[PDB]
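Undergrad: got a sequence here, can you build the structure:
(10 chains, ligands or ions: 6)
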Amino acid sequence: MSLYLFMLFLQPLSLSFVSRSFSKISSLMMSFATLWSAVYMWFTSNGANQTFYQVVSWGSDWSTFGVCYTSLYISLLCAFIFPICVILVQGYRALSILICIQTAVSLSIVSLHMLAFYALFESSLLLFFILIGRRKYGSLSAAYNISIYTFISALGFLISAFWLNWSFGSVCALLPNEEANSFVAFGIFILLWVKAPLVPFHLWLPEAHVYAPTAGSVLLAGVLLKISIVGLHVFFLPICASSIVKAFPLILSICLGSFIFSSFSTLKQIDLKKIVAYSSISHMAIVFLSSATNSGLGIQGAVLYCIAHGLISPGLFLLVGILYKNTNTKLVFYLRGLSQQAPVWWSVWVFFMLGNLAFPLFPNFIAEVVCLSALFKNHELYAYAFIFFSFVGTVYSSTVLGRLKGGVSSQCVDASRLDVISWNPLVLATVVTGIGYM
Amino acid sequence: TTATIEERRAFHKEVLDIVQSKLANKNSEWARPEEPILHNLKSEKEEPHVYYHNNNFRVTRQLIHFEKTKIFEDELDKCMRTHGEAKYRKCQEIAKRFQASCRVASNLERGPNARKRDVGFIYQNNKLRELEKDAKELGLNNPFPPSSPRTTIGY
Amino acid sequence: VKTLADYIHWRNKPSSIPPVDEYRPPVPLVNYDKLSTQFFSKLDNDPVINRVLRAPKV
Amino acid sequence: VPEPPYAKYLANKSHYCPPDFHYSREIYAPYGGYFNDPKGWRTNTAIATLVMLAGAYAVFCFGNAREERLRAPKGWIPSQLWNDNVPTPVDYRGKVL
Amino acid sequence: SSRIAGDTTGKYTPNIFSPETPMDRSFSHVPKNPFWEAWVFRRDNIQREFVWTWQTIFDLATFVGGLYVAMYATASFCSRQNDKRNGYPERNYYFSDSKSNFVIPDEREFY
Amino acid sequence: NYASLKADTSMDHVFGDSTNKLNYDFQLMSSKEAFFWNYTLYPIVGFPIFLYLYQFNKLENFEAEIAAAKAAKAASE
Amino acid sequence: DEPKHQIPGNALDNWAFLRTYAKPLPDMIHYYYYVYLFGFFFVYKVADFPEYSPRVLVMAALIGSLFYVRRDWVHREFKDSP
Amino acid sequence: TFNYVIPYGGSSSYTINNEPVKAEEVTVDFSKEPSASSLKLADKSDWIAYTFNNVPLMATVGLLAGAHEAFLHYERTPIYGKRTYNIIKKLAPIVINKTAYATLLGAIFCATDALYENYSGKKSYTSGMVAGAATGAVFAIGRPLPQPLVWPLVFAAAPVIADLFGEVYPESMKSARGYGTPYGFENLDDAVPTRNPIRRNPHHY
Amino acid sequence: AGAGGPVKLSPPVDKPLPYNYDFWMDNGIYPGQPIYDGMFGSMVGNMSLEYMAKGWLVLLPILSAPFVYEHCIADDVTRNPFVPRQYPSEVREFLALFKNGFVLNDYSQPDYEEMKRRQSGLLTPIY
Amino acid sequence: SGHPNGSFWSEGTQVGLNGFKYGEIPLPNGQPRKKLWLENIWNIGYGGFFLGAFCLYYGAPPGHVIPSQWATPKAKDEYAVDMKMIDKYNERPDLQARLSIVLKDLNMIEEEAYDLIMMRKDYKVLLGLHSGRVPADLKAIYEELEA
Ligand SMILES: CCCCCCCCCCCCCCCCCC(=O)OC[C@H](COP(=O)([O-])OCC(O)COP(=O)([O-])OC[C@@H](COC(=O)CCCCCCCCCCCCCCCCC)OC(=O)CCCCCCCCCCCCCCCCC)OC(=O)CCCCCCCCCCCCCCCCC
Ligand SMILES: CCCCCCCCCCCCCCCCCC(=O)OC[C@H](COP(=O)([O-])OCC(O)COP(=O)([O-])OC[C@@H](COC(=O)CCCCCCCCCCCCCCCCC)OC(=O)CCCCCCCCCCCCCCCCC)OC(=O)CCCCCCCCCCCCCCCCC
Ligand SMILES: CCCCCCCCCCCCCCCCCCCC(=O)O[C@H](COC(=O)CCCCCCCCCCCCCC)COP(=O)(O)OCCN
Ligand SMILES: CCCCCCCCCCCCCCCCCCCC(=O)O[C@H](COC(=O)CCCCCCCCCCCCCC)COP(=O)(O)OCCN
Ligand SMILES: CCCCCCCCCCCCCCCCCCCC(=O)O[C@H](COC(=O)CCCCCCCCCCCCCC)COP(=O)(O)OCCN
Ligand SMILES: CCCCCCCCCCCCCCCCCCCC(=O)O[C@H](COC(=O)CCCCCCCCCCCCCC)COP(=O)(O)OCCN
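TA: Numbering: from 1, shown residues only, chains lettered A, B, ... in the order given. Ligands and ions are numbered 1, 2, ... in the order given. Shown next is the protein structure:
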């Protein structure tokens, strides 16, 4: 734990002292060192400590950090996926912004103080405004959307944290507190409602992903959406369980509506990135509902599905980025003959799309099975609703694949050595998780 | 049942003593307790030490239940595979025990919103028995099937 | 009475009007394309059809 | 159009390729090209067959260790020659063999 | 008219002054279409042609509100059935007006 | 720059001209028709919901009738 | 050339509409003096007002927001006529 | 719980109750109780009386808006040039009409609120929603298409917002103290106060 | 020749595109097709939906006539000239348990009423 | 048509590269391609991750990484006790009558008899007996069946 936190603080620090020409090499080595430190944290985490594997405090309640099941999986996912983002990004400015965003996100996951959690997650607010609104390839609209949505949700969460700190006297997760207040529950909930895109607060995500760089999109879908599940498991369910049980019919309505409307909206998309973004929104609904059931099957299923998404969505966003670099287009209508012209890109694309559809040899299948079982534990109709509407994902994915698969094309647009190197870890991880090493 | 503040503070002091006794000798199995800390608190959250210890005991128990269920399933599958076509008569008991284990594991910590897992349709069969008894004694006509001897391989 | 309602830009009329002339994709030509909406018709037992199809010795 | 310099490195059209059919020879596919027939195929196929037999041996070992027969066969089964965990056959009447 | 930009040996240099066009990553870009580009622009900027008409209100209310109402009604029914199944007293839900305070079942208690 | 908008007429003799165009107006179903088909198809999709509602109603009605009769028998006696 | 948003209206008509804002501009001191004076007297009077229900207060705030006219709106439409 | 095996949160016994214990030995309250005026105005028993008590607020807001607009018109008019028309004749309709419309809308809102509460017999959110909806319907009598839907919604929402954050919020969070021991958890060993903190004297302005 | 056959290339778009052009599937070969055949454009055989419905209306009664008789008009006693297969008591009791069994229709049995109520079982799980 | 020399088992007719893998052109003299800057770092870091994950999953003692592995021996012991106890329960009809009484007070059906036997050492039963919710008869019944 201490090694992981130290490496996390060293990665932004290293950039200040690098030669400005060695920046990319140093950043890659630091990312790998952070991954190795995360593996060490996993090694030093004994299952015998059932509640929290490790807790460290550095002199205050704010500096209380600790790892649990959700935290451990998300932290390992962030450390696994960061090297890919690093190699995909060029320039000191871009590296600095990305490394600061990563440090803030990775510190947020392990934080056990609500106020510290807020301080670390929302520090990366201007950096995303600047990243999504970059000079030539960025959109100011998307930056404004994401920034305003984040500020409003996090401010509500902050108000709830202030009330809990005033009333109980502490806001640390390790101190058992329960609250029946509905205003405070709503304040904590609104952050989760926005961060994990749920209809009608999902509009910020697609704009940000489309106008973000591939490293940014990969980080966003891979781990930024997951930060909601850490807040739910660590900062919402322990204190506001009563309000989740009181509002379960409403929670279920909003989650199922998000899943349905997002699936239908994905059908009208002509941009590959927008298709992947709306697929993520649809997938987040099952995770949110499963965790809200407050059952063992649901919490485990939600975390597992989150890992599966955090392994499948970065792959699709990476392949889309590679294709866009080769062709300078994201319109499905312009891209044809990709099967014949890019047999190697096509194979990986088909594999990842099969993963997104929750086929058996993919992590998504196991995760979905567990989440559906949790819903069936609640009610049979709850499970049936989700299972039936899954066909809509098939229709859009099939239509996209069919449009891309065949036609006439005069351009050989296949992946280079660098592109295969970038996806190989993701492919291997997907396969390993698919075979049951979740 | 009412709890006076004097009794609550007394229990708090006793809990602190229990923590101090646990702290005196190192234990690698501290978070895998074999016995719960008995209490009459309205809310377990009041005493944090009791809450965490009892939660760890509950997790230990549930893990044990899950492994027991897996063992029961293995004996049922072996029994079914050995007997052949006599499986229905000879494997009724093993199946009954396996289904009981499944119910215990699932029902103990189902959650606030989860329904009871009716492995073996025992609850449905019971409900149908009550409905039949009432209809017959009151002279009503039951619109539901009568209770069944066996509804599953075991229960 | 002047009110916000007067100066709010209500979405009552389209800001952008789609171009009237629109692309129709090329399609193979079917010479006769009138849809048959009547399951039972005199056309099926027409005298012409009987002479052309039913009657000739095969 | 004057073929590019790299075209010397690329392979020719195979015997099975129809003469009219034109394909780009630069494209790489893991499953092979349009008509394949590489030189050295006979050796590659022999290596493949050897890897197949070795994997079959490993699979056979694994299966034999994990094949659990809990009910006696009605008559003699081929598994007896290779696996020793077969219960002694009992016939329909019930007589042991 | 074309030349190989990439050098495997590592002695890659961009001949910015070469008469012949380098076969760089830009060689494989797909040619855009004036009409397709305008279609893409129209599709993305479809908020401009949005108009509040009775048909639009009808369609929105009937499908979006209608689905939301159906989903709420189903969830409420399932909650009522589960409460009856579990044997728990009628739970105090948010919009339900119940003169009962029951919300979370007691784990110690036997229902 | 942009792709050529000029078509190829090499195969026009072999495979036919492109003069014939589609007759579709590229517009979707009417709002009135859509309301009927959504409110018809969606109930068909939710067949389990109606089965559960039916059985639950039957069970509750039977239970209430049983209670009523029980009360009646427990009053006189 | 790139696809661009269609601008409703003719160029000269829109420019003419924009030119109706080019009118003699009063100094803001005149408005401020009155607002300061009446605001001071209003604050003194507010202490004596009866306590109103929160619902009534919110409704009054809504009505005031709806009935407030922006200074630019009067400026554009002002005509020195009967 | 922070584990994947058991449900998070906890359960509290419904049978077992904890006897209330005073926050402090002596309680000094710096918060004054509602005035007799507040209760009189809040009384909705007689709709006409309720309406006439609460309209002064709407009339004042209408007068402020009309004075604002009238001043804006007056400021632009030139003193140096003689004007044929009478300025007061031009300006008086502005103020009068604004005040009348504001008073009418507030009267509709107060009347409908009181009448619904009397007929229903219960204080509820619906009374505010129906009063707002009726006011918004009167506001949008001749307005184009979107406004008839939007104004009844905005107006109905406003009493909902007022009820949630003006009445329900404070009563819901009355118990929380912030000093001594947490409201629910008095067993915990936290410093116990003899007297409550008095951060300010009761106001008098 | 399976491979290398001539194809006609679809003409490049030269007019403003309709908003719902995503309903057309064009790979670059000349005959493009709707996303779902028959959604618009030429219909196979020149047969409208109304024609198909009228056909199904003519056909449905003739097809349903055999099934309606036995299922509804006929009864267990009159459906067949024999009783269901007779089994020893131990076998019969077990076989009667199966809801989807064939021994539940034995009117001769004194447990017919119970068996018939078992066959018409619960629509959904009670718990 | 047919095979190239009329024999299926003849050398392939294609000499050269079927395609260019990754788009790289073979060096004329057979010079190896220069390795990319990231290849060594990428291979070391990711291989180290996967190898560490493998070693942790398999090398670690039972109950360190997978908690269920620790519970397996204990479950076997409780299974043995439960099996013996259930066998005793089936034989003695006096105990069955007492449990039928205990079950009713606990709002449990008769079929849940085996379930009660299997929850002898669980939060609900242990704390209910202490508090008074569970009838004290259960303790004696459990002792009669060797706990
Ligand atoms: C003891 C033994 C020695 C061992 C060493 C141990 C010492 C420990 C620490 C010492 C390390 C040196 C500290 C660095 C100081 C200068 C850093 C800097 O200028 O950043 C850019 C600078 C790059 O310089 P440059 O490329 O040459 O051009 C910059 C030009 O000057 C101007 O270029 P421009 O005009 O084009 O601006 C473009 C701008 C685009 O415009 C923007 O985006 C503006 C956005 C506003 C700020 C960003 C908001 C979000 C920032 C979040 C914080 C990041 C960490 C996240 C972790 C969460 C923490 C809660 O983009 C950027 O500048 C970079 C984007 C991301 C960097 C933002 C992070 C810097 C935050 C504040 C810097 C500190 C200045 C203090 C000033 C001191 C006296 C003046 O440095 C970096 O390499 C990246 C930032 C490194 C961050 C570490 C600094 C700590 C801040 C974290 C706060 C935690 C509290 C502090 C405690 C720290 C430990 C005790
Ligand atoms: C004879 C002298 C003439 C003066 C007459 C009286 C003299 C003053 C005597 C006493 C003055 C004290 C009290 C008067 C009000 C206090 C304001 C003040 O004095 O500041 C100095 C102010 C000038 O200061 P400035 O800094 O130079 O100008 C800044 C502006 O940018 C100015 O630039 P601008 O005008 O070009 O820009 C205006 C901008 C400025 O923005 C504001 O006005 C902000 C005010 C917002 C609310 C204010 C707080 C409300 C709390 C009231 C507290 C009491 C209730 C308690 C609980 C309520 C909870 C909220 O707002 C707008 O854009 C127009 C919209 C109007 C409000 C926007 C909110 C709309 C929400 C409604 C939703 C419905 C739409 C749905 C459909 C939409 C479709 C998507 O002088 C005045 O305006 C006084 C005129 C008196 C008319 C007020 C009308 C009603 C008064 C009470 C109602 C409370 C709401 C306030 C509404 C408007 C007030 C400005
Ligand atoms: C007691 C109080 C009673 C109630 C009174 C309410 C009165 C108003 C309350 C509204 C507060 C919401 C604040 C957001 C305002 C909408 C955003 C401003 C619109 C806008 O044009 O922003 C542009 C881009 O924003 C964007 O692109 C953002 C798009 C829209 C953001 C969505 C809002 C976040 C989600 C909303 C609610 C979520 C949960 C709510 C609990 C930037 O404009 P510019 O820089 O060019 O400036 C030039 C001047 N025109
Ligand atoms: C219309 C559908 C509702 C949309 C929400 C759908 C799903 C959201 C569920 C979130 C889960 C936990 C949140 C707890 C309650 C939030 C909404 C529950 C529904 C609700 O509004 O119930 C109200 C009570 O809640 C309250 O009193 C609080 C309402 C929320 C306050 C709104 C903004 C608060 C922001 C505060 C920021 C932080 C403050 C911290 C001090 C009134 O229901 P009722 O019980 O009176 O029944 C009387 C009816 N006959
Ligand atoms: C302006 C915005 C809105 C304007 C337009 C709204 C128009 C929509 C109105 C109808 C929408 C669907 C109907 C659902 C509500 C019907 C009436 C609600 C009252 C109600 O709860 O009755 C229950 C309806 O059955 C049920 O439990 C639900 C049956 C219908 C659900 C399945 C139908 C479609 C399935 C598609 C999937 C959606 C659900 C997926 C899980 C059965 O009465 P009760 O026994 O519960 O007694 C409870 C005491 N009233
Ligand atoms: C920020 C809250 C503002 C509401 C936003 C809703 C959307 C705005 C559209 C305007 C519509 C006007 C406002 C209606 C919202 C109230 C919900 C209607 C439910 C309802 O009618 O039940 C009432 C109680 O609900 C209630 O009145 C309490 C429910 C609290 C409202 C919902 C709280 C969470 C909503 C936040 C969602 C997302 C935030 C972004 C805006 C009746 O109750 P009763 O006691 O009268 O029983 C009857 C005995 N006569």
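Undergrad: all contacts plus neighbour counts: C-alpha atoms, from now on.
TA: Fine.
Undergrad: next, count neighbours for residue A:212.
TA: By the criterion of other C-alpha atoms under 10 Å in any protein chain shown, residue A:212 has 23 neighbours.
Undergrad: just residue J:37 next, same as before
TA: Look at residue J:37: counted by other C-alpha under 10 Å, it has 9 neighbours.
Undergrad: the one 10 residues further on now?
TA: Taking other C-alpha under 10 Å as the neighbour definition, residue J:47 ends up with a count of 13.
Undergrad: that one in helix, strand or coil?
TA: Three-state call for residue J:47 (DSSP: H, G, I helix; E, B strand; the rest coil): helix.
Undergrad: roughly how far does it sit from residue A:318?
TA: To residue A:318, residue J:47 is 21 Å away according to C-alpha to C-alpha, to the nearest Å.
Undergrad: ditto for residue J:42
TA: 17 Å.
Undergrad: helix or strand right after the longest helix along chain J?
TA: Counting by DSSP state H, the longest helix found in chain J is helix J:67-91. Sequence order places helix J:93-105 as the next helix or strand after helix J:67-91, per DSSP states H and E.
Undergrad: tell me what angle that next one forms with helix J:67-91.
TA: Per axes from the mean of the first three to the mean of the last three C-alpha atoms, to 10 degrees, the angle that helix J:93-105 makes with helix J:67-91 is 120 degrees.
Undergrad: ok and the residue in chain D nearest ligand 3?
TA: residue D:27 (44.8 Å; C-alpha to the nearest ligand atom).
Undergrad: check contacts around the spatially closest residue to that residue that is not a sequence neighbour.
TA: Distances taken as C-alpha to C-alpha, 6 or more residues apart in numbering or on different chains place residue J:19 nearest to residue D:27, at 5.0 Å, with adjacent residues excluded. Contacts of residue J:19 were listed using C-alpha atoms under 8 Å, 6 or more residues apart in numbering or on different chains, and they are D:10, D:11, D:25, D:26, D:27, D:28, D:29, D:33.
Undergrad: and those, which of them are buried?
TA: Buried members of these, scored by 16 or more other C-alpha atoms under 10 Å in any protein chain shown, are D:10, D:11, D:25, D:26, D:27, D:28, D:29, D:33.
Undergrad: ramachandran coordinates for the closest residue to the fourth one other than its chain neighbours?
TA: Using C-alpha to C-alpha, 6+ apart and skipping the chain neighbours, the partner closest in space to residue D:26 is residue J:19 (4.6 Å). The phi/psi pair for residue J:19 (degrees, to the nearest 10) reads phi -160, psi 180.
Undergrad: again, but for the one 3 residues further on
TA: The phi and psi torsions at residue J:22 (degrees, to the nearest 10) take the values phi 70, psi 0.
Undergrad: check the gap between the residue lying closest to it once chain neighbours are set aside and residue A:30 for me.
TA: Using C-alpha to C-alpha, 6+ apart and skipping residues adjacent in sequence, the residue nearest residue J:22 is residue A:416, 4.7 Å away. Applying C-alpha to C-alpha, the value for residue A:416 to residue A:30 is 25 Å.
Undergrad: looking at those two, which is more packed in?
TA: Taking other C-alpha under 10 Å, residue A:416 and residue A:30 do not tie; residue A:30 has more neighbours (20 against 16).
Undergrad: need the helices for chain D, in chain order.
TA: Counting by DSSP H, chain D has helices at residues D:41-66, D:79-82.
Undergrad: I meant chain G, not that one.
TA: Counting by DSSP H, the helices of chain G are G:11-18, G:28-46, G:54-67, G:71-77.
Undergrad: name the SS class of the residue of chain J found nearest chain C, please.
TA: Residue nearest to chain C within chain J: residue J:1 (36.5 Å; C-alpha to the nearest C-alpha). Under three-state DSSP, residue J:1 falls in the coil class.
Undergrad: my guess is residue J:109 meets residue B:126, correct?
TA: Yes: in terms of C-alpha atoms under 8 Å, residue J:109 counts as a neighbour of residue B:126; the distance is 7.3 Å.
Undergrad: ranges for the strands of chain I?
TA: All strands of chain I, identified by DSSP state E, fall at I:24-25, I:33-34.
Undergrad: my read: residue A:300 touches residue H:2, true?
TA: No: applying C-alpha under 8 Å as the test, residue A:300 and residue H:2 come out as separate, 11.2 Å apart.
Undergrad: re the thing from before, so who does the residue of chain D closest to ligand 3 touch?
TA: By C-alpha under 8 Å, 6+ apart, the contact set of residue D:27 is A:341, A:342, A:412, D:33, J:19, J:20, J:21, J:23.
Undergrad: in helices, which of these fall?
TA: Going by DSSP H, the helices hold residue A:341 from the contacts of residue D:27.
Undergrad: leaving out sequence neighbours, find the closest residue to residue F:73.
TA: Closest residue to residue F:73 apart from its sequence neighbours, by C-alpha to C-alpha, 6+ apart: residue B:138 at 7.9 Å.
Undergrad: from residue H:114, how far out is the one you found?
TA: 52 Å.
Undergrad: kindly report the same for residue A:367.
TA: Applying C-alpha to C-alpha, one obtains 55 Å for the distance of residue A:367 from residue H:114.
Undergrad: got it, and residue A:68?
TA: Separation of residue A:68 from residue H:114 (C-alpha to C-alpha) stands at 55 Å.
Undergrad: grab the nearest non-local neighbour of residue B:123.
TA: residue I:127 (6.7 Å).
Undergrad: quick check: the one you found touching residue B:118?
TA: Yes: using C-alpha under 8 Å as the test, residue I:127 is close enough to residue B:118 to be in contact (6.3 Å).
Undergrad: between these two, which contacts overlap?
TA: Joint contacts of residue I:127 and residue B:118 (C-alpha under 8 Å, 6+ apart) are residue B:124.
Undergrad: now do the residue of chain I found nearest ligand 3 against residue A:335, distance only.
TA: In chain I, the residue that lies nearest ligand 3 is residue I:19 (25.1 Å; C-alpha to the nearest ligand atom). Residue I:19 sits 19 Å away from residue A:335, going by C-alpha to C-alpha.
Undergrad: who's more crowded, these two?
TA: Set side by side, residue I:19 and residue A:335 show more neighbours around residue A:335, with 21 against 16, by other C-alpha under 10 Å.
Undergrad: which SS state does the more buried one fall under?
TA: coil.
Undergrad: gap between the closest residue to it other than its chain neighbours and residue I:4?
TA: In space, and not counting its chain neighbours, residue A:335 is closest to residue A:404: 5.9 Å by C-alpha to C-alpha, 6+ apart. Residue A:404 sits 21 Å away from residue I:4, going by C-alpha to C-alpha.
Undergrad: for those two, work out which one has more neighbours and name it.
TA: With neighbours defined as other C-alpha under 10 Å, residue A:404 and residue I:4 compare such that residue A:404 has more, 19 against 12.
Undergrad: show me where chain H has helices.
TA: Using DSSP H, helices in chain H cover H:36-42, H:47-76, H:87-120, H:125-139, H:146-163, H:169-172.
Undergrad: quickly check: the longest one near chain E or not.
TA: No: counting by C-alpha under 8 Å from any C-alpha of the partner chain, chain E has no neighbours in helix H:87-120; the shortest distance is 15.8 Å.
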